[PDB]
$ cat structure-v6.cif   # mmCIF, C-alpha atoms and all ligand atoms
data_coords
loop_
_atom_site.group_PDB
_atom_site.id
_atom_site.type_symbol
_atom_site.label_atom_id
_atom_site.label_comp_id
_atom_site.auth_asym_id
_atom_site.auth_seq_id
_atom_site.Cartn_x
_atom_site.Cartn_y
_atom_site.Cartn_z
ATOM 1 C CA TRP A 4 127.706 7.712 170.660
ATOM 2 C CA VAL A 5 130.662 8.122 168.307
ATOM 3 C CA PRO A 6 133.706 6.104 169.462
ATOM 4 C CA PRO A 7 137.151 7.731 169.677
ATOM 5 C CA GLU A 8 138.333 5.703 166.702
ATOM 6 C CA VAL A 9 136.313 7.766 164.238
ATOM 7 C CA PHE A 10 137.597 11.180 165.285
ATOM 8 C CA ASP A 11 141.135 10.702 164.126
ATOM 9 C CA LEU A 12 140.203 8.791 160.990
ATOM 10 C CA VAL A 13 137.955 11.758 160.151
ATOM 11 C CA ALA A 14 140.098 14.771 161.085
ATOM 12 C CA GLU A 15 141.513 15.471 157.661
ATOM 13 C CA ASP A 16 138.111 15.172 155.987
ATOM 14 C CA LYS A 17 136.477 17.309 158.702
ATOM 15 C CA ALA A 18 139.042 20.085 158.142
ATOM 16 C CA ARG A 19 138.672 19.914 154.381
ATOM 17 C CA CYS A 20 134.872 19.885 154.471
ATOM 18 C CA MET A 21 134.785 22.874 156.832
ATOM 19 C CA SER A 22 137.157 24.823 154.680
ATOM 20 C CA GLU A 23 135.313 24.021 151.449
ATOM 21 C CA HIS A 24 131.903 25.128 152.769
ATOM 22 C CA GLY A 25 132.595 27.903 155.261
ATOM 23 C CA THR A 26 131.367 25.757 158.181
ATOM 24 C CA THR A 27 132.047 26.790 161.762
ATOM 25 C CA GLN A 28 132.328 24.506 164.772
ATOM 26 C CA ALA A 29 129.462 26.481 166.294
ATOM 27 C CA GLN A 30 127.189 25.401 163.429
ATOM 28 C CA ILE A 31 128.181 21.744 164.057
ATOM 29 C CA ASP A 32 127.415 22.229 167.804
ATOM 30 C CA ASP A 33 124.035 23.675 166.829
ATOM 31 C CA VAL A 34 123.036 20.661 164.717
ATOM 32 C CA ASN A 35 124.031 18.347 167.545
ATOM 33 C CA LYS A 36 121.664 20.322 169.835
ATOM 34 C CA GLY A 37 118.850 19.787 167.327
ATOM 35 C CA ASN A 38 118.991 23.238 165.747
ATOM 36 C CA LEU A 39 119.322 23.101 161.982
ATOM 37 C CA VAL A 40 118.492 25.546 159.239
ATOM 38 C CA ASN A 41 118.856 25.213 155.481
ATOM 39 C CA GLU A 42 122.174 27.072 155.286
ATOM 40 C CA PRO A 43 124.626 25.587 152.716
ATOM 41 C CA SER A 44 127.617 26.179 155.009
ATOM 42 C CA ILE A 45 126.208 23.477 157.323
ATOM 43 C CA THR A 46 124.070 21.373 154.977
ATOM 44 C CA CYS A 47 126.886 21.025 152.422
ATOM 45 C CA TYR A 48 129.270 20.152 155.283
ATOM 46 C CA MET A 49 127.025 17.204 156.233
ATOM 47 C CA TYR A 50 126.871 16.012 152.626
ATOM 48 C CA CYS A 51 130.683 16.483 152.375
ATOM 49 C CA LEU A 52 131.404 14.298 155.382
ATOM 50 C CA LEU A 53 128.862 11.582 154.369
ATOM 51 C CA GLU A 54 130.536 11.460 150.951
ATOM 52 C CA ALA A 55 133.970 11.180 152.637
ATOM 53 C CA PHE A 56 132.732 8.105 154.570
ATOM 54 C CA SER A 57 131.204 6.540 151.398
ATOM 55 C CA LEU A 58 127.720 6.840 152.844
ATOM 56 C CA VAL A 59 126.243 8.826 149.940
ATOM 57 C CA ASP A 60 126.774 8.870 146.169
ATOM 58 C CA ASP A 61 126.937 11.759 143.676
ATOM 59 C CA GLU A 62 123.176 12.533 144.194
ATOM 60 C CA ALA A 63 123.002 12.038 147.933
ATOM 61 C CA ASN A 64 121.468 8.588 147.797
ATOM 62 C CA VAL A 65 122.206 6.964 151.151
ATOM 63 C CA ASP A 66 123.962 3.561 151.431
ATOM 64 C CA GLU A 67 121.790 2.499 154.370
ATOM 65 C CA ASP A 68 123.666 -0.732 155.123
ATOM 66 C CA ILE A 69 127.071 1.020 155.315
ATOM 67 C CA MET A 70 125.451 3.732 157.449
ATOM 68 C CA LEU A 71 123.955 1.164 159.824
ATOM 69 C CA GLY A 72 127.286 -0.662 160.155
ATOM 70 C CA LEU A 73 128.956 2.447 161.602
ATOM 71 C CA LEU A 74 126.361 2.837 164.412
ATOM 72 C CA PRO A 75 126.540 1.038 167.748
ATOM 73 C CA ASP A 76 124.514 -2.135 168.118
ATOM 74 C CA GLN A 77 121.958 -0.564 170.443
ATOM 75 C CA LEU A 78 121.216 2.367 168.108
ATOM 76 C CA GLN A 79 120.749 0.261 164.976
ATOM 77 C CA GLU A 80 117.109 -0.850 165.313
ATOM 78 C CA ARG A 81 115.937 2.661 165.963
ATOM 79 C CA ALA A 82 118.215 3.952 163.188
ATOM 80 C CA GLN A 83 116.913 1.357 160.721
ATOM 81 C CA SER A 84 113.376 2.346 161.764
ATOM 82 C CA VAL A 85 113.902 6.084 161.205
ATOM 83 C CA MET A 86 115.663 5.418 157.915
ATOM 84 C CA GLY A 87 112.710 3.417 156.682
ATOM 85 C CA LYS A 88 110.690 6.518 157.186
ATOM 86 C CA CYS A 89 113.188 9.120 156.031
ATOM 87 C CA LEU A 90 114.676 7.455 152.914
ATOM 88 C CA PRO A 91 114.972 7.779 150.019
ATOM 89 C CA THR A 92 116.362 11.311 150.156
ATOM 90 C CA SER A 93 114.901 14.127 148.119
ATOM 91 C CA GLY A 94 115.558 17.823 147.644
ATOM 92 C CA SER A 95 116.849 20.547 145.317
ATOM 93 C CA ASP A 96 120.523 19.566 145.373
ATOM 94 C CA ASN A 97 122.847 17.339 147.417
ATOM 95 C CA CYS A 98 123.077 19.727 150.349
ATOM 96 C CA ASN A 99 119.295 20.255 150.565
ATOM 97 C CA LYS A 100 118.727 16.477 150.297
ATOM 98 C CA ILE A 101 120.854 16.024 153.444
ATOM 99 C CA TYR A 102 119.129 18.977 155.170
ATOM 100 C CA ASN A 103 115.776 17.239 154.554
ATOM 101 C CA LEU A 104 117.155 13.904 155.836
ATOM 102 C CA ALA A 105 118.611 15.479 158.976
ATOM 103 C CA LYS A 106 115.304 17.209 159.658
ATOM 104 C CA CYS A 107 113.303 14.015 159.176
ATOM 105 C CA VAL A 108 115.629 12.068 161.468
ATOM 106 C CA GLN A 109 115.801 14.701 164.232
ATOM 107 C CA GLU A 110 111.971 14.988 164.274
ATOM 108 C CA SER A 111 111.445 11.220 164.475
ATOM 109 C CA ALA A 112 114.509 9.793 166.509
ATOM 110 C CA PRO A 113 116.735 12.506 168.080
ATOM 111 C CA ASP A 114 119.508 10.322 169.351
ATOM 112 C CA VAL A 115 120.432 9.174 165.876
ATOM 113 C CA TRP A 116 121.587 12.259 163.963
ATOM 114 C CA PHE A 117 125.029 13.290 165.151
ATOM 115 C CA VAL A 118 127.401 15.325 163.099
ATOM 116 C CA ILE A 119 131.149 15.013 163.636
HETATM 117 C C1 LIG B 201 123.769 9.193 161.161
HETATM 118 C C2 LIG B 201 124.556 10.492 161.215
HETATM 119 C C3 LIG B 201 125.112 10.893 159.864
HETATM 120 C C4 LIG B 201 125.663 12.324 159.842
HETATM 121 N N1 LIG B 201 126.855 12.366 160.697
HETATM 122 S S1 LIG B 201 128.264 11.916 160.283
HETATM 123 O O1 LIG B 201 128.538 12.088 158.841
HETATM 124 O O2 LIG B 201 129.221 12.786 161.013
HETATM 125 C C5 LIG B 201 128.503 10.395 160.757
HETATM 126 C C6 LIG B 201 128.673 10.115 162.115
HETATM 127 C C7 LIG B 201 128.863 8.803 162.559
HETATM 128 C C8 LIG B 201 128.868 7.744 161.657
HETATM 129 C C9 LIG B 201 128.689 8.011 160.301
HETATM 130 C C10 LIG B 201 128.504 9.329 159.854
HETATM 131 NA NA NA B 202 125.408 29.215 154.574
#
$ encode --input "structure-v6.cif" --output "structure tokens" --more "lines below"
Ligand SMILES: CCCCNS(=O)(=O)c1ccccc1
Ligand code: NA
Amino acid sequence: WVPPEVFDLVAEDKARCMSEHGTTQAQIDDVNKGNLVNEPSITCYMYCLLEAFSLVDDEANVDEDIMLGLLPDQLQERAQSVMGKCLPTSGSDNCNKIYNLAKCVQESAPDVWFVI
């Protein structure tokens, strides 16, 4: 559901976050197909990009209002619903907190969790 207008705003941060964490495009494709494992090269990439968009703080606490405001109008109720279930985040470190969030979301509402 991501508009075009994100992808070029995000390009620099996507490239940086991939480089920093060893992330491949194939891993991103895999998450978008609902396949995610607790591998830092992908979990830290998701934290990296959330942080770039100001959607998480230094301990992976989610700014739910900012997150909702980037979703299309017809995804927002369902997104707010799943986030009521899946927040607050918890885990061993920032990457594992986002792994746990992604898992919770994909199990409960699997149109919501898309990774650029
Ligand atoms: C709800 C999905 C969050 C994880 N994906 S994302 O960081 O690429 C992103 C995509 C679109 C809007 C905001 C963040
Ligand atoms: Na890894």
$ closest_atom_pairs --input "structure-v6.cif" --of "chain A" --to "ligand LIG 201 (chain B)" --cutoff "6 Å" --atoms "all atoms listed in the file" --output "CSV"
residue,atom,partner,partner_atom,distance
A:49,CA,B:LIG201,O1,5.9
A:52,CA,B:LIG201,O1,5.0
A:53,CA,B:LIG201,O1,4.5
A:73,CA,B:LIG201,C8,5.3
A:115,CA,B:LIG201,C1,5.8
A:116,CA,B:LIG201,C2,4.4
A:117,CA,B:LIG201,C2,4.9
A:118,CA,B:LIG201,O2,3.8
A:119,CA,B:LIG201,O2,3.9
$ closest_atom_pairs --input "structure-v6.cif" --of "chain A" --to "ligand NA 202 (chain B)" --cutoff "6 Å" --atoms "only C-alpha atoms and all ligand atoms" --output "Markdown table"
| residue | atom | partner | partner_atom | distance |
| --- | --- | --- | --- | --- |
| A:42 | CA | B:NA202 | NA | 3.9 |
| A:43 | CA | B:NA202 | NA | 4.2 |
| A:44 | CA | B:NA202 | NA | 3.8 |
$ residues_around --input "structure-v6.cif" --residues "region 12-26 of chain A" --least-positions-apart "2" --cutoff "8 Å" --atoms "only C-alpha atoms" --output "list in words"
residues 8, 9, 10, 28, 30, 31, 43, 44, 45, 47, 48, 51, 52, 55 and 119 of chain A
$ atom_distance --input "structure-v6.cif" --atom1 "CA of residue 98 (chain A)" --atom2 "CA of residue 61 (chain A)"
11.1 Å
$ closest_residue --input "structure-v6.cif" --among "A:41, A:100, A:114, A:92" --to "residue 5 (chain A)" --atoms "all atoms listed in the file"
A:114
$ residues_around --input "structure-v6.cif" --residues "region 74-89 of chain A" --least-positions-apart "3" --cutoff "10 Å" --atoms "only C-alpha atoms" --output "ChimeraX atom specification"
/A:4-6,65,67-71,92-93,103-116
$ atom_distance --input "structure-v6.cif" --atom1 "CA of residue 91 (chain A)" --atom2 "CA of residue 29 (chain A)"
28.7 Å
$ residues_around --input "structure-v6.cif" --residues "residue 96 (chain A)" --least-positions-apart "4" --cutoff "9 Å" --atoms "all atoms listed in the file" --output "PyMOL selection string"
chain A and resi 62-63+100-101
$ atom_distance --input "structure-v6.cif" --atom1 "CA of residue 102 (chain A)" --atom2 "CA of residue 35 (chain A)"
13.3 Å
$ closest_residue --input "structure-v6.cif" --among "A:50, A:27, A:36, A:11" --to "residue 99 (chain A)" --atoms "all atoms listed in the file"
A:50
$ axis_aligned_box --input "structure-v6.cif" --around "region 32-39 of chain A" --padding-each-side "5 Å" --output "AutoDock Vina command-line options"
--center_x 123.1 --center_y 21.0 --center_z 165.9 --size_x 18.6 --size_y 15.3 --size_z 17.9
